[PDB]
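Summary of structural features
Read off the chains here:
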Amino acid sequence: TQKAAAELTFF
Amino acid sequence: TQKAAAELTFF
Amino acid sequence: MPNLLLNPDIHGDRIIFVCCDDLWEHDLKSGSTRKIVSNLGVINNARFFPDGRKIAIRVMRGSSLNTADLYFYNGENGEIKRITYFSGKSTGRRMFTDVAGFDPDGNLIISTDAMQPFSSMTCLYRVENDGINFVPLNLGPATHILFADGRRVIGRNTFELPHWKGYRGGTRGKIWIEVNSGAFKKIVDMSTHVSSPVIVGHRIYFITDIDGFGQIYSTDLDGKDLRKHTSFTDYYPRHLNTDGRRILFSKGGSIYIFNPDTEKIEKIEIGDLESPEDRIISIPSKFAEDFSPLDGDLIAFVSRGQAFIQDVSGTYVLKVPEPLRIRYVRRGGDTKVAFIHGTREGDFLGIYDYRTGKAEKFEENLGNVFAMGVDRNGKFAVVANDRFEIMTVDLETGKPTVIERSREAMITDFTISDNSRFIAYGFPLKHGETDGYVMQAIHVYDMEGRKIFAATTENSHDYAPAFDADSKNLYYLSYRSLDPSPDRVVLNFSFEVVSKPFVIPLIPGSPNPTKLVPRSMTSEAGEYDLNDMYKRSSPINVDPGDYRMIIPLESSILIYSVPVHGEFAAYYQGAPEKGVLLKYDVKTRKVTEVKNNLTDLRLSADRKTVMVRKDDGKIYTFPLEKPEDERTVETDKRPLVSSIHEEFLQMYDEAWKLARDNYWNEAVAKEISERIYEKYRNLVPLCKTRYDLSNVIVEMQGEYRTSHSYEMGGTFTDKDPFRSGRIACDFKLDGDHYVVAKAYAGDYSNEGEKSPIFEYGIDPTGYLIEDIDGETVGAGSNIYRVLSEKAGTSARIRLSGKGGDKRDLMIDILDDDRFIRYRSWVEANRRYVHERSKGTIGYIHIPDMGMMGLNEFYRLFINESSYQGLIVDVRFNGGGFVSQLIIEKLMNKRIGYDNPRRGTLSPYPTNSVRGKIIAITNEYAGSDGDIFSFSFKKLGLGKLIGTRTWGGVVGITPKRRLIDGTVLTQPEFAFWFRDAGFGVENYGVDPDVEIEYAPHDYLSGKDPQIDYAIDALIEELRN
Amino acid sequence: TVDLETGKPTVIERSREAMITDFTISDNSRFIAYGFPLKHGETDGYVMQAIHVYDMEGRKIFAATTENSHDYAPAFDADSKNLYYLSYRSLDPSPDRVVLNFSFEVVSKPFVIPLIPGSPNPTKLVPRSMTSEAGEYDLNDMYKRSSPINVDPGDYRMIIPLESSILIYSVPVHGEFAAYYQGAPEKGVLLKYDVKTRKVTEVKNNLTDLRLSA
Amino acid sequence: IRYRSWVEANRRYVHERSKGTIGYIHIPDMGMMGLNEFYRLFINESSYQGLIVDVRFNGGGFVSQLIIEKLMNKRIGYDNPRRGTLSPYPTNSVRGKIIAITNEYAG
Amino acid sequence: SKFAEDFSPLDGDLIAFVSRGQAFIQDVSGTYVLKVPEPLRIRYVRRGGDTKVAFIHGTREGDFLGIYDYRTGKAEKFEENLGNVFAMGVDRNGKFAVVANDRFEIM
Amino acid sequence: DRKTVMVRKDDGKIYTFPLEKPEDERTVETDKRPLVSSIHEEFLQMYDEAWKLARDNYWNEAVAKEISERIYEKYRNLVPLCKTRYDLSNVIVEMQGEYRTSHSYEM
Amino acid sequence: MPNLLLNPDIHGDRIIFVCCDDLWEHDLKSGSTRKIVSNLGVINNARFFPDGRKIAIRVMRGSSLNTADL
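- As recorded in the PDB header, X-ray crystallography is the method behind this entry, and the stated resolution is 2.6 Å.

- Going by what the PDB entry lists, chain H is known as Tricorn protease and is assigned to Thermoplasma acidophilum.
- Here the PDB entry title reads "tricorn protease in complex with a tridecapeptide chloromethyl ketone derivative".

- The name given to chain G in the PDB entry is Tricorn protease, and the organism recorded there is Thermoplasma acidophilum.

The structure is reproduced here in structure tokens:
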């Protein structure tokens, strides 16, 4: 799904 | 001209 | 086939407990068991009234049990009745809006955040006339309320925490007791978390794992004389309840009894109770994932771990003949399809020929696969796994062959040329090991010569590679077109539209095809040479934007574009990202819109068919030649068929496997995982409902004794969520009429920050609500219910104020009004701070560290940063990840000013605080909230006031869902603070000055934390 | 205001932060709505802007909007019954594609304020039979009656209320390099919002400036 | 083109002379171009033991404060993943020592 | 919608419809809805004027003609029994109504 | 005013369009708000209606006079014990049987 | 508020009958009554097997009970 669906670490 | 034509101080 | 029993309560010889989401009652005397209430949704708690006749019940609704409300049950006539229409928000870990206890007079007291700006603010209310009226106790947030000798006993955050065993954070359950008809004193505050408190005689019995495992303990009404009464070792005990003589509780799916006067414990015998149909039907679209177009206008798609080959209409359907867990399906040939089959051991490549029916399945383990593709010639496949490897798998034998491995992230962005000779893919990389940014360069693998070439440099982010049909040029996208866009509110800039397409001719000397260089003037006719090809790169003359895909066609190029948009809906409502398909004519260089409202796009092998998903969630298909002739892909014509027990085993094993594979510490994961597998697996066969599996899975997650082990989504029920009618007002039953006790409002000029009644030009406060939509409300008519039934529409409300002041208005009835309450609160605190500091101190509140936190912080920051002092209240902060971006703003030190000919001084930096800063935090601020807290002290931005914070700083980034949609999280990224290590985890952050907010503080209507904050700054501001 | 008959100028209000160049006059010549720059503190890093309304009768100034953000482009409807304007109050962040950052790109939204209390937001399409209007002008606490119009947030520079529709000038998000080093003008588009169908459409693009007849 | 060539040359030079232990960033002005160039290299040069912030010939403007803010970020934590490498906190922080270069043409 | 019966257009682009014995005046979108204030068994609803609607209310004794003004909220209800009504109409000038019953009478 | 047209199509949905521009039709939404009722109030109402129809339409009026009056109360007393539609069915059909004639159905 | 009871069957002291479309069992010996099967749809008939252990049930579905199965 897309090439910019950001996946950063959530706290 | 527009209502968002920013006018900040240049240095 | 025994059932899983849990959450019990007792009264004499009768014992009620939960089985298959339904409520049961068991008689110790006769040994009889019966279902006394069902089909209400998932019931997780039931509590006997004093007389032991009526029963308060908490039931959850919404496919994911996202909503909840309370019901009454009268065992005499068997009458059921909903009591609350708050539609309280709940989650597995925080199942709020419940029974808090009963008062001496036998009245039910509930705990709910339904009328509060914060979910943790589960305030106590005394239920009246069966929901007609609610009386606040004003004792602050509380989970349990008990009464001993006319003394109120308060249990704060005393619910169970099966997902985090050994928890010792700032939010750990604590007990307080009244000592002087208003005076309260904390009496039970151990190192660990205390849950399910009860009183038998003059002793409080509760649960805790101070010794390493859950056990029952007790102390006198002073918290003195601690005693351990059990020595369990199999499963933690949970849900203590009592009748005044004996204590009831559940463990390992069974109900036990503990007699305090004997210290004897025994398992109650229930045996088989209910075994529903194992074979279940499901709507394939509800769990659909992965949709790919095949030859002959056929469609393939995965749903609930199963795969299917069908025609677009969904009339001719073929199930792939392979056991549970197919992750992916991909065109492998004329009538063949490759798929990825997942088991407990790992992922494997498989092939299936839907024409002949044959279906071999390789045994070579590929690891955890996250991407898969097959070459147009059906010779090999390309696969990416969580080992950060990209590889080719010989579709003939099955032998996998690793091409390259990245040491930063997965290589899921790749493509294969049509002649099957090259493989281009994004290769994540870092310049330094501790670099804050991961770059990505496109790499190309040549099957002949078996060498890897660099298609692009490693200074930015290159992606979406794509070969043209002739295999002569490589197209791809980049975020290299740096150009800033201005922020409309804050002095700031960011890169919004910096995406641009580029191309690279595989034959040196050959020009960029889109440049339209006359053929007669170019001397091509060379051969393949991938050396220094990154030097021949060239862009295509297309306006910069935010592109996610480029598809080179004969005389045109398709590009997927995503308009700039806010992130709030996607962050808190799962709102999908809306894109549009653009067409770039190579000859005229003109761009046009081919299709909008898209959320995903796939393209056929022959580039002739386009399959897409739109914002409505539906899947469509259209010919690239005539996009106006799209058809809707129907998948629900045939029911999905599965076995509850086969899925439950599969899901448990997957949950267990993820928990192991993603835990931040590998060594730990090895011992913890192997030591808990069988233990929790043995309970799976006793599960008959999703909620049953949940109880089992979360408990096994708790075994990691770490934060952020959650379970979200999933399908537990088919009941419609509870609805609640709101108008941002507080009603008070006075006489036989409801009077608006309070009319909430934040910033009258913002959107959605006040009661919809204000739009008519009147403050409803003090008015009497005669009726709603012709129906009289008051003494004999639950206004909450009437509103409940009008939620989402406008209803005529009749109001009466001072004198003959009568109004008749069409009022919008909201489905929720939390945000309005929240902003009201913030503006109230903000006004308060300005008045108490005499206009010398500002105030800012940060609700979370997500998008909402960014909104609220700036919303006030731009007006409150220039006072002599500033209070940064981060209480109840839900965490997230933007704490660093906020800390950066607060870190700005003002060191200059701008002097204008006319006007006032401009501070430098603009985003700097003028004076002293003071932070306020509590046990409800956590995660990124913990990080911000620790940081504020560490950087010496000011003093930190309040109470120790939550203590959960091991972050998550889920990347898999169970076959039922469920999203589990695994603490995968342990935060390490310099000069503290991982210490904050399971502990939190201590404030410089501790200021408890006791129950008597709430009774006096005073906020001691904020007062101290103000007083403190005032004292600091005398220079 | 300058009496076009004599020439006598008459100061309505003076800001101490910036010029009051954003203003409008109702068709009945009774009210004057304008953006009024202000600061909460003298050394405040941001200048806020609230809309003010001046009533020629009574010669008193009322607060059309609160002073917590940036309100602008006031416009009266022909009937002089409602005051429309724009605001950057719809905070919602947009992610940066390169750096860990976020900014407010599309947070502009239109709002309206009925000059007669008890009258509803015209674009809400509340059935006339169900609304008991027929009141008189009252600009007191009018900022409390403010209401937004159901239009997707964007970057609007002007709102023109018409009979059964509303025109809005929109500026797509764009980089600043060309404008900063090549004098490149800002490109806008003129949108039309149908009050009845609530559907938006493009009326004219490649615009850099717009004026409207009397 | 000449400008970026110059920047990459100095950037290669600094990496070779410090034996890969020092980063390099140049800021041409304090306008939009300055914001581009600063980030263009900042995202790859901020995690070396040392960092050189060359602002020679800087034509001024007004974004010095926004850049100073980035360079002011003090690294106080790290993120430990099950797989992959450490993530610095803040993300936009310089790892080590910073050194600034200026001349009479920066104004 | 499951039990909807009788759907009639009113002035001001409003809609009236009967469902499960209840009646409602609403906008086409169904966002602004008014329930007619009359006990069970409304058989028919018909435009009676600018903001008025006539309806047929059925009880065990029979059918009766009623009027309701959704603007003011008033709603009188005649007591003259019309028998079993199967059709009903109002004149454009809101003066009278026409009714048919199972006695084969038109009135 | 003959200006607005309301229709129902074969999909069961209701639409509305101006007689001037039939291309601009809108769908009438009615399910935005739940319908609210009382089981026992409806059950009483339904029983009475069923009972009334059985009397009013029986082919023989004289017979209908005696049969009806002689079975009303008897079966009405069971209505309050009904909690489900199927319960009401048991009661209503039994009262229909009292006519000892064919074609007394409930569909 | 008593319920409407119907379509019964008996086996010894145990008696199953229908109440609120759901199946119930009643024990003459103890006088206890309990729901033994529900949420299947409308049940109009239930029959004890010889052994008095298993029970054949006829249940109807479709808004108008137009369909049925055992």
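**A closer look at the overall build of chain H**
- When you go through chain H residue by residue, the secondary structure sums to 0 helices and 7 strands.
- Walking chain H from its N terminus toward its C terminus, one meets helices and strands in the order β-β-β-β-β-β-β.
- Computed over its C-alpha atoms, the radius of gyration of chain H comes to 12 Å, within 12% of the 11 Å expected for a compact globule of 70 residues.
- Across its three principal directions, the C-alpha atoms of chain H cover 40 × 35 × 15 Å.
- Taking the intrachain contacts of chain H between residues at least 6 apart in sequence as the baseline, contacts between residues at least 24 apart amount to 16%.
- Summed over its atoms, the accessible surface of chain H is roughly 4300 Å², and 52% of this surface lies on carbon and sulfur atoms.
- In chain H, 9 positive and 8 negative side-chain charges are present, and the distance between their average locations comes to 3 Å.

**Structural notes on the packing of helix α7 (residues 851-864) of chain C against helix α8 (residues 883-891) of chain C**
All names here are of chain C.
- Orientation of α7 relative to α8, taken along the N-to-C sense of each, is 15°, at an axis distance of 10 Å. As judged from the angle between their axes, α7 and α8 are roughly parallel. Considering how the two elements wind past one another, α7 and α8 form a crossing that is left-handed. In this structure, α7 contributes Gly 853, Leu 854, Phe 857, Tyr 858 and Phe 861 to the contact, and α8 contributes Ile 886, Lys 889 and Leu 890.
- Tallied by class, residues from the contact of α7 with α8 come to 6 nonpolar, 1 polar and 1 charged.

**What about the environment of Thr 456 of chain C?**
Residues and elements named next belong to chain C.
- The residue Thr 456 is located in the loop between β42 (451-454) and β43 (462-467) in this model.
- When the C-alpha atoms of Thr 456 and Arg 536 are compared, they prove to be 9.7 Å apart, with 80 residues separating the residues in sequence.
- The residues touching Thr 456, leaving out its near neighbours within four places in the chain, are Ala 441, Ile 442, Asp 462, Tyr 476, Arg 480 and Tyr 534.

**Here's the deal with the interface of chain B and chain E**
- The partner chain E presents 4 residues to the 4 residues of chain B that form the contact.
- For the chain B and chain E pair, buried surface summed over both sides reaches about 280 Å², with 66% attributable to carbon and sulfur atoms.
- Broken down by class, the residue content of the side of chain B that touches chain E amounts to 3 nonpolar, 1 polar and no charged.

**Here we look at helix α1 (residues 39-57) of chain G**
- With 19 residues, α1 of chain G ought to run about 27 Å at 1.5 Å a step, and its terminal C-alpha atoms sit 26 Å apart, in line with that.
- Those residues of α1 of chain G that sit buried are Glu 42, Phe 43, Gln 45, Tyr 47, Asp 48, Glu 49, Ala 50, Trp 51, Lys 52 and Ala 54 of chain G.
- As for α1 of chain G, its buried residues are in contact with β5 (42-47) of chain F together with α2 (61-76) and α3 (85-97) of chain G.

**Quick look at the pattern of salt bridges**
- The full count for this structure, using the stated rule, is 136 salt bridges over all chains.
- In this structure, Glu 389 of chain C and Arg 405 of chain C form a salt bridge, with 4.0 Å as the shortest nitrogen-oxygen distance. Separated by 16 residues along the polypeptide, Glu 389 of chain C in strand β37 (residues 389-394) and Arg 405 of chain C in strand β38 (residues 400-405) bring together distant segments of the chain.
- Between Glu 759 of chain C and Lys 124 of chain D there is a salt bridge whose closest N-O contact spans 2.9 Å. Placement of the pair is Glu 759 of chain C in the loop between β59 (737-743) and β60 (768-772) and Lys 124 of chain D in the loop between β9 (109-114) and β10 (147-148), with the two residues belonging to separate chains. One exposure class covers both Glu 759 of chain C and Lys 124 of chain D, and it is buried.
- Several salt bridges converge on common partners, so that one network encompasses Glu 753, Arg 823, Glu 827, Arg 830, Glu 856, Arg 859 and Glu 864 of chain C.

**Quick look at the arrangement of the chains**
- For this structure, the chain pair with the highest number of contacts among 16 pairs of chains in contact is chains C and D.
- The two units chain E and chain H remain apart, with a minimum C-alpha distance of 46 Å.

**Describing the interface of chain D and chain C**
- Counting residues at the interface gives 59 residues for chain D, matched by 64 residues for chain C.
- Linking chain D to chain C there are 8 salt bridges.
- The salt bridge partner of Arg 488 of chain C is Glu 186 of chain D, with a shortest N-O separation of 3.9 Å.
- Taken together, the connections running from chain D to chain C amount to 39 residue pairs in polar contact.
- If you list the elements that add at least two residues to the side of chain D that touches chain C, you get β7 (94-95), β8 (102-103), β9 and β10 of chain D.
- In terms of residue class, the side of chain D that touches chain C is made up of 22 nonpolar, 19 polar and 18 charged.

**Quick word on the sheet that holds strand β1 (residues 22-26) of chain E**
All names here are of chain E.
- Taken together, 3 strands build an open sheet; the order of strands is β1-β2-β5 and the sheet is parallel. Edge positions in the sheet fall to β1 and β5 (97-101), since each of these pairs with one other strand and no more. Here the average twist between neighbouring strands, direction ignored, is 20°.
- Strand contacts of helix α2 (residues 32-45): β1 and β2 (50-54), with the helix running at about 170° to β1, the strand carrying the most contacts.

**Section: the pairing of strand β4 (residues 32-37) of chain C**
All names here are of chain C.
- With 5 bridges joining them, strand β3 (residues 22-27) and β4 adopt antiparallel strand pairing. Paired with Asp 27 across the strands is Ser 32, a residue of β4.
- Between β3 and β4, which pair antiparallel in sequence order, lie 4 residues; one of them, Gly 31, sits at a positive phi of approximately 80°.

**Some thoughts on the packing of aromatic side chains**
All names here are of chain C.
- Taken as a whole and judged by the stated rule, the model has 73 aromatic pairs over all chains.
- Taken together, a centroid distance of 5.9 Å and an interplanar angle of 70° make the contact between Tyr 235 and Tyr 680 edge-to-face. With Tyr 235 in the loop between β21 (227-228) and β22 (238-242) and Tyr 680 in helix α3 (residues 666-681), this residue pair connects regions lying 445 residues apart in the sequence. As far as the burial class goes, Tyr 235 and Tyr 680 line up, both buried.
- When the centroid spacing of 6.3 Å and the interplanar angle of 90° are considered together, the rings of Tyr 858 and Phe 861 count as edge-to-face. Residue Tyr 858 and its partner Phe 861 are located together in helix α7, separated by 3 residues, close to a single helical turn.
- Its end group placed over the ring of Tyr 85, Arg 82 keeps NZ or CZ at 4.3 Å from the ring centre.
- It is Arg 821 that lies over the ring of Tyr 744; its NZ or CZ is 4.7 Å from the centre.

**Things to note about the side chain of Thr 91 of chain E**
- Inspection of the secondary structure puts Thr 91 of chain E in the loop between β4 (87-89) and β5.
- Take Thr 91 of chain E: its relative accessible area is 15%, and that puts it in the buried class.
- Polar contacts involving the side chain of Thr 91 of chain E include one to the side chain of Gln 884 of chain C, which spans 3.3 Å.
- Look past the residues within four positions of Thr 91 of chain E in its chain and what remains in contact with it is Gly 436, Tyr 437 and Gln 884 of chain C together with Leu 100 of chain D.

**A look at the nonpolar core**
Residues and elements named next belong to chain C.
- Grouped together as the largest cluster of nonpolar side chains are 168 residues, with contacts concentrated most on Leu 349, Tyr 425, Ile 871, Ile 886, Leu 890 and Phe 932.
- Residue assignment places this core across two domains, with domain 2 (288-637) and domain 5 (818-1023) each supplying three or more.
- When near neighbours in sequence (up to four residues on either side) are disregarded, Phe 932 contacts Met 849, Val 872, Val 874, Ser 883, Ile 886, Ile 887 and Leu 890.
- Listed in part, the 63 residues of the second largest apolar core include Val 99, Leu 108, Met 115 and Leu 799.

Scoring rules and cut-offs
Residues numbered from 1 in each chain as written, not as in the entry; some residues may be left out. Chains lettered and ligands numbered in written order. Part of a larger assembly, values for the part shown. Heavy atoms only, no water. Helix = DSSP H or I, 4+ residues; strand = E, 2+ residues; numbered from the N terminus. Rg over C-alpha atoms; globule rule 2.2 N^0.38 Å. Contact = heavy atoms within 4.5 Å. Areas by Shrake-Rupley, 256 points an atom, 1.4 Å probe, with all protein chains shown as cover. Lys, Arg positive; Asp, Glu negative; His and termini not counted. Charge placed at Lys NZ, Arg CZ, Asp CG, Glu CD. Axes fitted to C-alpha atoms, helices over the stretch in contact; angles between N-to-C directions. Parallel < 35°, antiparallel > 145°, perpendicular 65-115°, else oblique. Left-handed = near helix turned anticlockwise from the far one by under 90°. Nonpolar A, V, L, I, M, F, W, Y, C, P; charged D, E, K, R; others polar. Buried area = accessible area lost by both parts, 1.4 Å probe. Expected span 1.5 Å × (residues − 1). Buried < 20%, exposed > 50% of the residue type's maximum accessible area, 1.4 Å probe, protein only. Salt bridge = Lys/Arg side-chain N within 4 Å of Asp/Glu carboxyl O. Polar contact = N/O pair within 3.5 Å; in protein donor to acceptor, adjacent residues only side chain to side chain. Pairing = 2+ DSSP bridges. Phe/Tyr/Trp six-rings, centres within 6.5 Å; stacked < 30°, edge-to-face > 60°. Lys NZ or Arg CZ within 6 Å of the ring centre and 35° of its normal. Core = buried A, V, L, I, M, F, W, Y, C linked by side-chain atoms within 4.5 Å. Domains from an automatic or database assignment.

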